[PDB]
Amino acid sequence: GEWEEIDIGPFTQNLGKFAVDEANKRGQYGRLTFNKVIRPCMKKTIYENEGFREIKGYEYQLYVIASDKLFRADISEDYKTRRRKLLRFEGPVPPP
């Protein structure tokens, strides 16, 4: 379950949009307008069992610019359902 860098193409942009959507709902970072996810985007695989290949889900770490501010978002994604949760959202953060 090590971190792996992934691209910042549409899938990743949409992860950033999910994070900003969720941050907007939480109301702790004001009203944010998603702009883009920038590199690096990191993904880790969560396994169902230590020592087994069955994937439980993923965690992503994204740097997302919203309303001209850079945030770092952590998102979980369930393997089976693809259900996502914003785990953490902080910023503005230093440029990565």
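Position 78, counted from 1, in the sequence shown is what the deposited numbering calls 78; the numbers after and before it change by one each time, with no gaps. All residues carry an ideal CB built from backbone N, CA and C; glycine is no exception.
- Message: Excluding the 5 residues flanking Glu50 on each side, which residues of the same chain have their C-beta closer than 8 Å to its C-beta?
- Response: If you number the sequence shown from 1, residue 50 lands on position 50. Around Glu50: no qualifying Cβ.
- Query: From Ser67 to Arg88, what does the alpha carbon distance come to, in whole angstroms?
  - Reply: Locating residue 67 in the sequence shown gives position 67, where the first residue counts as 1. Locating residue 88 in the sequence shown gives position 88, where the first residue counts as 1. Spanning the two alpha carbons is a distance of roughly 18 Å.
- Message: Taking only three categories from DSSP, how would you classify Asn14?
- Response: Numbered from 1 along the sequence shown, position 14 holds the residue referred to as residue 14. Reduced to three states, the DSSP call for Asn14 is helix.
- Starting from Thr45, trace the beta strand (DSSP E) both ways and give me its first and last residue. Here the question's residue 45 lines up with position 45 in the sequence shown. Unbroken beta strand (DSSP E) run through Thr45: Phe34 to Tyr47.
- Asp74 (DSSP reduced to helix, strand or coil): To locate residue 74, count along the sequence shown from 1; it is residue 74. If DSSP states are grouped into helix, strand and coil, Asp74 belongs with the strands.
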